[PDB]
Amino acid sequence: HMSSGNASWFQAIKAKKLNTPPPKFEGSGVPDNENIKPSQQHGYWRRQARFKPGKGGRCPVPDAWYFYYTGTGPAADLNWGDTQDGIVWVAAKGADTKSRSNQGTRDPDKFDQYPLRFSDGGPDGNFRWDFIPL
């Protein structure tokens, strides 16, 4: 239906300009989650290219990146650390990168988008994301 949905648990992080580089995170790079062990705070950022309706096919609007924990999501067969185009590897300090959760991916039918908080800092200057309640 939607990408083996596979909907990310958490709201996107849109990019500011076009041609923004892969995100730099200050600290963990890992969204705050109440239902998760400090040991299990690790995952990846996937770059999803967007388009706007228009003249030629469609229109390349700026990039976006979603969050999935290691072993969940459209690159779940990768170990944490695997170098790949379009993925940014993050993990909180002192986290079992050999562990795996069983949180999976958001079933958009419907667990609504999950608000993105980031107590240890956040992504760099080239990225933003809407405010969501809570």
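Residues numbered from 1 in each chain as written, not as in the entry; some residues may be left out. Heavy atoms only, no water.

Method of structure determination, per the deposited record: X-ray crystallography was used for this entry, reaching 3.00 Å resolution.

## A look at the pairing of strand 4 (residues 64–69)
Applicable threshold: Between buried and exposed lies partly exposed: a residue is buried under 20% and exposed over 50% of the maximum accessible area for its type, with that area taken using a 1.4 Å probe on protein chains only. In this description a helix means any DSSP run of H or I spanning at least four residues, a strand means any run of E spanning at least two, and both kinds are numbered starting from the N terminus. Pairing between two strands is assigned when DSSP locates at least 2 bridges connecting them.
Within strand 4, five of the six residues are buried, which leaves the element mostly enclosed by the surrounding structure. Pairing of strand 1 (residues 13–15) with strand 4 involves two bridges; the strand directions are antiparallel. In the sheet register, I13 faces strand 4, and the bridge partner there is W65.

## Some remarks on the sheet that holds strand 5 (residues 87–91)
Strand order in this open sheet of five strands is 5-3-4-1-7, and the pairing throughout is antiparallel. Two strands lie at the open edges of the sheet, namely strand 5 and strand 7 (127–128), each paired on one side alone. Note that strand 1 and strand 7 share two bridges and pair antiparallel. Looking at strand 7, one finds that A15 is bridged to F127.

## Description of the environment of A76
Definition in use: Pairs of residues are marked as contacts when any of their non-hydrogen atoms sit within 4.5 Å.
Along the chain, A76 falls in the loop between strand 4 and strand 5. You can call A76 partly exposed: its relative accessible area is 29%. The residues contacting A76, other than those within four sequence positions of it, are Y44, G71 and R100.

## Quick look at the pattern of salt bridges
We apply this condition: Counted as salt bridges are all cases of a side-chain nitrogen of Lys or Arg within 4 Å of a carboxyl oxygen of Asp or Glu.
Taken as a whole, this structure holds three salt bridges when the rule is applied. A salt bridge links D63 to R47; its shortest N-O distance comes to 2.7 Å. Note that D63 is positioned in the loop between strand 3 (42–47) and strand 4 and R47 in strand 3, a separation of 16 residues in sequence. Ionic pairing is found between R128 and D130, a salt bridge with its closest N-O pair at 3.8 Å. Classification of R128 as partly exposed rests on a relative accessible area of 37%. Given a relative accessible area of 47%, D130 falls into the partly exposed group.

## Quick notes on the nonpolar core
Let me state the cut-off plainly: Residues belong to a common nonpolar core when they are buried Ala, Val, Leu, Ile, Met, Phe, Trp, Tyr or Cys residues joined through side-chain atoms within 4.5 Å.
Of all hydrophobic cores here, the largest spans 15 residues; its most connected members are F25, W45, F67 and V90. Contributions of two or more residues to this core are made by strand 1, strand 4 and strand 5. Setting aside anything within four residues of it in sequence, one finds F67 in contact with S8, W9, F10, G29, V30, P31, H42, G43, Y44, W45 and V90. Within the second largest apolar cluster, six residues are counted, among which are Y44, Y68, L78 and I87.

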